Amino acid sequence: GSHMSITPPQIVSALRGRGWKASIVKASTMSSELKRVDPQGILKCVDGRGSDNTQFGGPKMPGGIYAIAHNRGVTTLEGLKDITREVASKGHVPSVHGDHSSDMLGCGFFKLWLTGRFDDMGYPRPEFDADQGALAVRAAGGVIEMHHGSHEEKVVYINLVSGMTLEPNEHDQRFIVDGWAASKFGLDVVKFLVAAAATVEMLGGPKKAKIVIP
């Protein structure tokens, strides 16, 4: 698809400029945690909470496949179904998620998007609600995952190691953003990463990041 027009040191610079604490960490220091992506795993949200997921090992993007629609300015249910099928055809099981406290509005990213919190960054709002979106993804062969508990993330990992990912730990949470996946889907990587950063910020998450590189 597209390529990383931005380097790791710059990502760190951009984040710090947004008021973040950021540093670069080598993949070799996480040999124990970095997992090769499993094609049977759902491409899911960066959310650090536990859930009822049984399809582990998939890439992590804000709102699951919503990160792709959001980055591309795709705002219709038909377009979302197209993306769902596209993701399935590209090696991952597509998904979106809700939670127990707010049901389908349980994904903070989609709620931020639907409510216009990305208005100032110039993003077109979706033209469907969280219930409509979830059911469209399901009807197109995707998965609706359900999270539980409170957001207790302590750090954000921005993984740039292609084909690998990190998994949720509900008792020692972290946001995980597979930046390499944005390139795989031809997304504007810089916008994707800035949106992921804004998401953590607006969800009142920790503005501390570790950028993982080969």
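From 1 onward, residues are counted along the sequence shown.
Mean CA B-factor, 100 to 108 versus 128 to 136: the higher value falls on 100 to 108. Between the stretches 26 to 34 and 163 to 171, it is 26 to 34 that shows the larger average CA temperature factor. When all modelled residues of the chain are sorted by CA temperature factor, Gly149 is found within the highest third. Per-chain ranking of the deposited C-alpha B factor places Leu77 in the middle third.
In the PDB entry, a CA B factor belonging to the middle third of its chain's modelled residues is recorded for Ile211.
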